[PDB]
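Visitor: Residue numbers (the authors' numbering), protein chains in the order written: chain F, 1291 to 1439; chain G, 597 to 645; chain U, 50 to 127; chain A, 845 to 1042; chain X, 853 to 892; chain L, 226 to 276, 286 to 301; chain V, 2 to 150; chain Y, 696 to 794; chain P, 2 to 210.
Note that beta-carbon positions come from the ideal geometry of N, C-alpha and C, so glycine has one too.
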Amino acid sequence: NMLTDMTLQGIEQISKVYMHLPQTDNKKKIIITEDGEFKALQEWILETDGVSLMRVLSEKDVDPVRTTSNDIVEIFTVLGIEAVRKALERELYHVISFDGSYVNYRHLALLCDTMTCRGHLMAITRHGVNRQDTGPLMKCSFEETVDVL
Amino acid sequence: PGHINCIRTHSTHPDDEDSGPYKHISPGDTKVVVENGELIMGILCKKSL
Amino acid sequence: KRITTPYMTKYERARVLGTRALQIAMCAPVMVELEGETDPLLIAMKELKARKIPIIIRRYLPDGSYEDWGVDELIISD
Amino acid sequence: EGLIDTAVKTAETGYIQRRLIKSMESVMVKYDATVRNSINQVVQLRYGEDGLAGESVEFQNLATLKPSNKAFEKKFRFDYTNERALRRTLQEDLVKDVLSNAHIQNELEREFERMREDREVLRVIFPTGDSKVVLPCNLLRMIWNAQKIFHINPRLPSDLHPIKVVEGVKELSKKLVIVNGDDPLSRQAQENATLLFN
Amino acid sequence: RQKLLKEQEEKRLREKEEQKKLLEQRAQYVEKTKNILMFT
Amino acid sequence: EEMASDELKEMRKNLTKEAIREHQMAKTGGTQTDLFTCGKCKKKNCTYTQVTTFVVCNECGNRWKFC
Amino acid sequence: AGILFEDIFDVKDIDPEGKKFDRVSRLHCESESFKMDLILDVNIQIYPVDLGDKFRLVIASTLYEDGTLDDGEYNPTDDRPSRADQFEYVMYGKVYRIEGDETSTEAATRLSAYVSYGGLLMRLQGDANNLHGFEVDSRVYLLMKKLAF
Amino acid sequence: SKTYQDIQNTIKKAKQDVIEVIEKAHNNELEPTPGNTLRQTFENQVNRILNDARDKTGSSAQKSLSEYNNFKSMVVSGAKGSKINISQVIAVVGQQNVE
Amino acid sequence: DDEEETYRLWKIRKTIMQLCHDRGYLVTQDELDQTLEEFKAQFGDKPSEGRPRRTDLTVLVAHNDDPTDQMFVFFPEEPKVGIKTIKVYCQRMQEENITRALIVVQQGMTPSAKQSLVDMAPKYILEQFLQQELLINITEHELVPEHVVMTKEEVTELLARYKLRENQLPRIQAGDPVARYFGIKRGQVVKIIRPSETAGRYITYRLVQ
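(1) Confirm, please, whether the CB-CB distance from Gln129(P) to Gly1409(F) is below 9 Å.
(2) Given a limit of 8 Å on CB to CB distance, which residues of the stretch 1348-1380 of chain F reach chain A?
(3) Quick one: residues in its chain with C-beta nearer than 7 Å to the C-beta of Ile785(Y), no 5 flanking neighbours on either side, listed in chain order?
(4) At the level of alpha carbons, what is the spacing between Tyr115(V) and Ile621(G)?
(5) Return yes when the Cβ of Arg62(U) is within less than 9 Å of the Cβ of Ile104(U), no when it is not.
(6) Can you name, in chain order, every residue of its own chain whose Cβ lies under 8 Å from the Cβ of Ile1301(F), other than the five neighbours on each side?
(7) Quick check on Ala1373(F): buried or exposed, where buried means 16 or more other Cβ atoms within 10 Å of its Cβ?
(8) Pick helix, strand or coil for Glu1349(F), following the three-state DSSP scheme.
(9) State the Cα-Cα distance for the pair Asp117(U) and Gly201(P), rounded to the nearest angstrom.
(10) Helix, strand or coil: how does DSSP classify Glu147(P) here?
(11) Rounded to whole angstroms, what's the CA-CA distance from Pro68(P) to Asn98(P)? Just pull it up for me.
(12) To which residues of the same chain is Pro1426(F) closer than 8 Å at the C-beta, ignoring the five residues directly before and after it?
(13) Excluding sequence positions up to five away, which residues of its chain have a Cβ less than 7 Å from the Cβ of residue 843(A)?
(14) Distance, Cα to Cα, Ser117(P) vs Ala175(P)?
(15) Starting from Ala1377(F), trace the alpha helix (DSSP H) in both directions and tell me its first and last residue.
(16) Cα separation between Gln257(L) and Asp1315(F)?
(17) Taking a Cβ distance cut-off of 8 Å, strictly less, list which residues of the stretch 745-756 of chain Y are near chain L, in chain order.
(18) Is the stretch 12-19 of chain V touching the stretch 287-300 of chain L in the sense that three or more CB pairs, one from each, lie closer than 8 Å?
(19) Answer yes or no: does any C-beta atom of chain V fall closer than 9 Å to that of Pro597(G)?
(20) Which two residues bound the contiguous alpha helix (DSSP H) that contains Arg107(U)?
(21) Just the chain A side, please: which residues come within less than 9 Å of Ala200(P) by C-beta, in chain order?
(22) For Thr608(G), collect the residues of the same chain with a Cβ closer than 7 Å to its Cβ; drop the 5 residues on either side in sequence, then sort them by chain order.
(23) Spatial neighbours of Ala1399(F) within its chain, please: CB distance less than 8 Å, with the 5 preceding and 5 following residues excluded, ordered by chain position.
(24) Report yes if the C-beta distance between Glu33(V) and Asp11(V) is below 9 Å; otherwise report no.
(25) Could you tell me whether any Cβ in chain P is nearer than 9 Å to the Cβ of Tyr1392(F)?
(26) Between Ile1414(F) and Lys866(A), is the Cβ-Cβ spacing less than 9 Å?
(27) Use the C-beta contact count for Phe183(P): other C-beta atoms within 10 angstroms, 16 or more gives buried, fewer gives exposed.
(28) Any idea which residues DSSP pairs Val12(V) with across the strands?
(29) Using the C-alpha atoms, what's the distance from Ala907(A) back to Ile4(V)?
(30) How many angstroms separate the CA atom of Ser761(Y) from the CA atom of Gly753(Y)?
(31) Look at the alpha carbon of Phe44(P) and the alpha carbon of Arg878(X), and state the distance between them as a whole number of angstroms.
(32) Leaving out the 5 sequence neighbours to the left and right, which residues in its chain are closer than 6 Å to residue 217(P) when beta-carbon positions are compared?
(33) What residue ranges within the stretch 49-80 of chain V form continuous alpha helix (DSSP H) runs of no fewer than 4 residues, ordered along the chain?
(34) Taking Cβ to Cβ, would you say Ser62(V) is nearer than 9 Å to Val43(V)?
(35) Buried or exposed: where does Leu148(V) fall if 16 or more other Cβ atoms within 10 Å of its Cβ makes it buried?
(36) If I follow the unbroken alpha helix (DSSP H) through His1397(F), where does it start and stop?
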C-alpha cells in the first residue's frame, strides 16, 4: 500500500509531464511592447499525459489564465459551458487545420453551438441527440428506430 | 474574362526575390500579375489556377 | 413594419420561378411581352426581370407571425 | 499500411458524417435572420456570429493590427500641418481647406482617435498578432478595381476631399445592416455584428 | 489645456468618491465587527 | 544537505544537474537560416526542413511552408 | 510624333542572372546620351545580340510617323508608312508600373518605367524628365535596331 | 552520372554515420537525449540521419533536372506529383515505416 | 502546514472579494487586491492553532445600492460541514436582517447537511463553495467570455425584441461554475459577450436552468 501509492510529491492522475520550450508562435507568450510591436516571448510550458485541471490551476507560479486542458469534459466540469464552447472549437480546429487544410469558421461555430445549446454537453450519438425533446419521428430515423416510436 | 485584377506567385518563386531588385520584373517569370483582365507577368500553375 | 430582408433569397427565386413556370405551362396569362420564345422557364425568367410575376411570398417568422412580400417589392438578386 | 488504413477509414468516417448530419439536419436560417432548429430554439442569433453566407467571403489583412505605435501614427493620421506634402497629394484648392478650416482638422483628428481605439479592440480580438482574417468584400481588390476603372494615375495630385472619405465611410457604415432596428438592444447588436468589417 | 485641467480635476472628484466610499465601508465595519464577535 | 560533506554536496549538485539535463526536451532539429524573414515579427532567425520547405521562426514560433 | 523616349544603348550583359529561358534573354544595358539604365527581354531566337552590341531604341506610342494613334488591334494589310520600316525589332506592350524616388515633400528625380511586351518585361530607368512621356496602363512600342557603327 | 556519384557518396556517408551511432550505443556512450530512453534516442538519431540522407539526395535529384524534364513539369505545374516523387524515382525511395 | 494555509486563506479571500464585487456588492479597493504580507500583518501569520483561525476572517458585505442587503461568507473549520454547524450559522443570521450567505467548506459537507441548505432556502438563501474551487478566479480565464446577469426589466425587452419565448433561448444549468460565480437562480437570463473572429464581437443570451 505504501509502495504503489503514497504521493510523496505531486498530484494524482498526472501520470507524467513533459517540459517544453515553444518553437512556434502558438504557445509562445505574446506581449504588446511599449512601442506597439507584438514581440513573441519564449517561455517554458509543461505538457501532460493526464488531466485534473483544478489542482493544477491552483498551483503557484502557474498561469491561471492560459492553462488549457484538451479534455472537453474536464472543461465542462471546471470552467462551464461557455468555456467548453470555445475550447471545443479550439480542439476541433486543431484536428482540422493540423494537416494544413482549412474549414470556414461558420461550420465550427455551428457544431459547437448545437453541442452546447441545452446547457449540458450534448453528444452526437443516441445518448445525446435522441434525449433532446425533438419529437418521435425525428428520433426514429437516426438510431433506436422501434424503441423511440 | 472581364477586367480582373489579381497577383499570385508561381510554384518555383524564390523567396529572396521580393527583397532584392527585379521585384516588379522577375527574371524567372514567377510573380503572376493580372491587370484589367490581362496577363502581364508570370507563369500560371496550381497556385494561380 | 416589415423587418425581413428586402432582397429576394435564392430559394425564393428558385421556387417562384418554378411555380410561375408551372402556371405558365398551364396556360396562364403572361404579364410580359413574349419576343417569340416558348419555354416556361424562359418566360418566367423574363417576367422576373420585369418584376411582373403575379406572386407574393408569405415568409413565416419563428414566433408564428408572417410577412407578405410582393415580387415587385423585394430586390431581385440574380 | 496504406491499403489497410484505406479500408478502415471508409467504415469509421462514414458513420461520423452520418451522426453529424442527424444532430444538425433541421438547423436553418429563419426569416428572422436567426439560426434555429426544429423546436424553434435559437442556436445562433446571427448565422456565424456575423450574418454572412459561406460562399462570398475571402481571406484579407487587418492593416491597423501589428504596426507599431509610431508606424501606425505616421500612416493612419493625415497630418494637415506639412504644407509641402499636401500639394503633392491633393490639388491646390483642397490644401487650403485643410490648412485653415478648424472643423476639418478636428474631424480628421477625431477619426484617428477612433482608429486608435479600434486598434486596441483589434488587439483584444486577435491576440497573437494574426493579421489574416475572413470577411465579405475584398477591399484591397475593390480599391485596385477602382484604380483601373477610372484611370487613376497615382502620380498626379488627387481631387478627393479628405473629409468626403471621413463622412462617406460614416454614411456607408449605416447601410451595412445585419440586425435591423432602432432599439438600443438592436443597435448594439448591429454594431457588434458588423464590428470587424467596420 | 483648460479642458485637460477640468478633466484632471474631475478625476480628482472620482478619487474623492472613492474616499467617501472607503470611509463608508470602514464606517459600517466598526458596527459589523461587533456581530462577528457576538456570533461566536 | 547544507551540513553534508563537500564531496556529497558536489555529488548531489551533479545528480541534480544531470536530472535537469535529462528532463530537458530535445530542441526540434532543422537547418538554421537567415534567408527567411518571419511575416509576424520581421526577424530573420528561422529554421527550415525540406520534405516542400517547412519554415519555423525561432523568435515567435510562427510556422509556414513553400511549395 | 509620339516618341516617348529614344537613345542609343549598348549590351552590357546578355543574361547575367544566367539564361532562364531558351528563346528569351535578359539584356542589361546603359544608354549613350541620357545615361539611362535598361533591362529588356528580347526574342534571342529571331533576333540575336551579343555583349557590346549597340542599338538605337526608340520607345514610341504609335507606329505611324504622323502620330495618328492607332487602335490596338492587328491589321497586317496596311499601306500607311510606319516607324517599323527602319527598325529590326518591333514589339507592342503596356507600361504596367511606373516607380520613382519620390519623397514625402519633394518630387522625383528618377523614374523606372516598367513595360510588358505580352510577357517580355522591360525596365527603362533614369532621369524623370526624359521619362515624362510614360503613364501607367498606356500602350507602347519598342522599335530597336542594331548599330553597325 | 555526376548525380549518381553524389547520391552514392551521400548514401555511404549515411551508412557510415549510422555505424557510429551503433558503435556509441553498442559501447554505452549514446546518452539519453533528454525526454527519452536509450532505445528511443537511438531510433531518433538514426531516422534523422536517414531522413537527412533522403532530403539531401532528393535535393540533388531536383537540381540535376533539365528544364525539359517531364517529371519536373508536372510537379511545378502542380498537375500531378510532388518533389518527393521525383526523389523516389531518381535518387532514393527511403525509409519504410509500419505504425 | 502553517505557511501554506496562510497563503491559501488569503487567495480564497481575494477571490471571494472579486466575486462579491462581480455580484454587485461593495468592496473597498484595498480589500480587493491586498497582498500576502499585510495579510500576515493583519491577522497573525499563524493558522496552526493561532490567530488567523477560521471563523474570524469571515466577511460580511452589503449590496451597492441597497445598504441593508448583506451577505455572509462563512469559513468552517470542520472539513466536512454538518447540520449542527450550519444550524448555528443560521441561528445567528436570524438576529439580523441578512438573508444571503456563502459557506466556504474545507472538505465537502455531508449530503444530509445539504438539505438544511435547501430546507432553509426561500427564507435564507445559502450556498456552498469548496476551498479548492476558490483558489482561482475562473472568470479571469481566457476561455470564459464576459458574463453579465440581466435584470428582470431587460430580460423582457430582450424576449420582446426578438419576439421570443424564454423557452427558446440557449440554456446554462444552475450548477455550472460560472452560474455559481454569479449566484444566479433558475429562470434568469445571462448575457454573454464573446470576441468573435468573423464579426469582432458577439452577444448571446443564456437562460438559467
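Guide: Reading off the structure:
(1) Translated into the one-based positions of the first sequence, residue 1409(F) becomes position 119. Translated into the one-based positions of the ninth sequence, residue 129(P) becomes position 128. Taking 9 Å as the Cβ cut-off, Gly1409(F) and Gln129(P) do not qualify as a contacting pair.
(2) none
(3) If you number the eighth sequence from 1, residue 785(Y) lands on position 90. Cβ neighbours of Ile785(Y) beyond the five flanking positions: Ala756.
(4) Here residue 115(V) refers to the residue found at position 114 of the seventh sequence. Here residue 621(G) refers to the residue found at position 25 of the second sequence. Approximately 8 Å between the Cα atoms of the pair.
(5) Taking the third sequence and counting its residues from 1, the one referred to as residue 104(U) is at position 55. Taking the third sequence and counting its residues from 1, the one referred to as residue 62(U) is at position 13. Contact flag unset, no.
(6) On the first sequence, position 11 is the one that residue 1301(F) refers to. Result list for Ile1301(F): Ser1342, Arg1345, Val1346, in chain order.
(7) Start at 1 with the first residue of the first sequence, and residue 1373(F) comes out as number 83. So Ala1373(F) counts as buried.
(8) Here residue 1349(F) refers to the residue found at position 59 when the first sequence is read from its first residue. Residue state, collapsed to three classes: coil.
(9) Numbered from 1 along the third sequence, position 68 holds the residue referred to as residue 117(U). Numbered from 1 along the ninth sequence, position 200 holds the residue referred to as residue 201(P). When rounded, the distance between both Cα atoms is 34 Å.
(10) Locating residue 147(P) in the ninth sequence gives position 146, where the first residue counts as 1. Here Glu147(P) sits in strand by DSSP.
(11) The residue given as residue 68(P) occupies position 67 in the ninth sequence. The residue given as residue 98(P) occupies position 97 in the ninth sequence. If you take the alpha carbons of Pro68(P) and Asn98(P), they lie about 11 Å apart.
(12) For the purposes of this step, residue 1426(F) is identified with residue 136 of the first sequence, where counting begins at 1. Once the five neighbours on either side are set aside, the close Cβ partners of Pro1426(F) are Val1438, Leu1439.
(13) What the structure shows of chain A is the stretch from 845 to 1042, and residue 843(A) is not part of that stretch, so it cannot be assessed.
(14) Taking the ninth sequence and counting its residues from 1, one reaches residue 117(P) at position 116. Taking the ninth sequence and counting its residues from 1, one reaches residue 175(P) at position 174. Whole-angstrom Cα-Cα distance: 18 Å.
(15) Here the question's residue 1377(F) lines up with position 87 in the first sequence. Run containing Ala1377(F): 1371-1387, per the alpha helix (DSSP H) assignment.
(16) Counting from 1 along the sixth sequence, the entry for residue 257(L) is found at position 32. Counting from 1 along the first sequence, the entry for residue 1315(F) is found at position 25. Approximately 17 Å between the Cα atoms of the pair.
(17) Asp750, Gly753, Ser754
(18) Pairwise C-beta distances place the stretch 287-300 of chain L out of contact with the stretch 12-19 of chain V, as fewer than three of them are shorter than 8 Å.
(19) Counting from 1 along the second sequence, the entry for residue 597(G) is found at position 1. So no, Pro597(G) is outside the interface.
(20) Along the third sequence, one-based indexing puts residue 107(U) at 58. Careful: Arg107(U) lies outside any alpha helix (DSSP H), inside the beta strand (DSSP E) at 105-109.
(21) Taking the first residue of the ninth sequence as 1, we reach residue 200(P) at position 199. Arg890, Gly892, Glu893, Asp894, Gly895, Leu896, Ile1022, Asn1036, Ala1037, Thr1038, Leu1039, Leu1040, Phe1041, listed in chain order.
(22) Position 12 of the second sequence, counted from the start, is the residue given in the question as residue 608(G). Closer than 7 Å at the Cβ level, and outside the excluded window around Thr608(G), lie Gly624, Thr626.
(23) For the purposes of this step, residue 1399(F) is taken as residue 109 along the first sequence, with counting starting at 1. Around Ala1399(F): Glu1379.
(24) On the seventh sequence, residue 33(V) is found 32 positions in, with the first residue counted as 1. On the seventh sequence, residue 11(V) is found 10 positions in, with the first residue counted as 1. Cβ distance < 9 Å, so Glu33(V) and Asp11(V) count as in contact.
(25) Taking the first sequence and counting its residues from 1, one reaches residue 1392(F) at position 102. Chain P, which has no Cβ nearer than 9 Å to the Cβ of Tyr1392(F), makes this no.
(26) For the purposes of this step, residue 1414(F) is taken as the residue at position 124 of the first sequence. For the purposes of this step, residue 866(A) is taken as the residue at position 22 of the fourth sequence. Yes.
(27) The sequence position of residue 183(P) within the ninth sequence is 182, counting from 1. Counting the other Cβ atoms within 10 Å of the Cβ of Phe183(P) gives 16 or more, which makes it buried.
(28) Working through the seventh sequence from its first residue, we reach residue 12(V) at position 11. For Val12(V), which the question treats as bridged, DSSP gives the partners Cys30(V).
(29) As a working note, residue 4(V) is residue 3 in the seventh sequence. As a working note, residue 907(A) is residue 63 in the fourth sequence. If I take the Cα positions, the gap works out to 42 Å.
(30) Position 66 of the eighth sequence, counting from 1, holds the residue named residue 761(Y). Position 58 of the eighth sequence, counting from 1, holds the residue named residue 753(Y). Straight-line Cα distance between these residues: approximately 15 Å.
(31) Position 43 of the ninth sequence, counting from 1, holds the residue named residue 44(P). Position 26 of the fifth sequence, counting from 1, holds the residue named residue 878(X). Between the alpha carbons of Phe44(P) and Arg878(X) lies a gap of roughly 17 Å.
(32) Only positions 2 to 210 of chain P appear in this structure, which leaves residue 217(P) out of reach.
(33) The qualifying runs do not exist here; there are none.
(34) Within the seventh sequence, numbered from 1, the residue matching residue 62(V) stands at position 61. Within the seventh sequence, numbered from 1, the residue matching residue 43(V) stands at position 42. No, the pair does not count as a contact, with Cβ atoms beyond the cut-off.
(35) What you label residue 148(V) is simply residue 147 of the seventh sequence in a count that begins at 1. By the neighbour-count rule (16 or more Cβ atoms within 10 Å), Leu148(V) is not buried but exposed.
(36) For the purposes of this step, residue 1397(F) is taken as the residue at position 107 of the first sequence. Unbroken alpha helix (DSSP H) run through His1397(F): 1395-1404.
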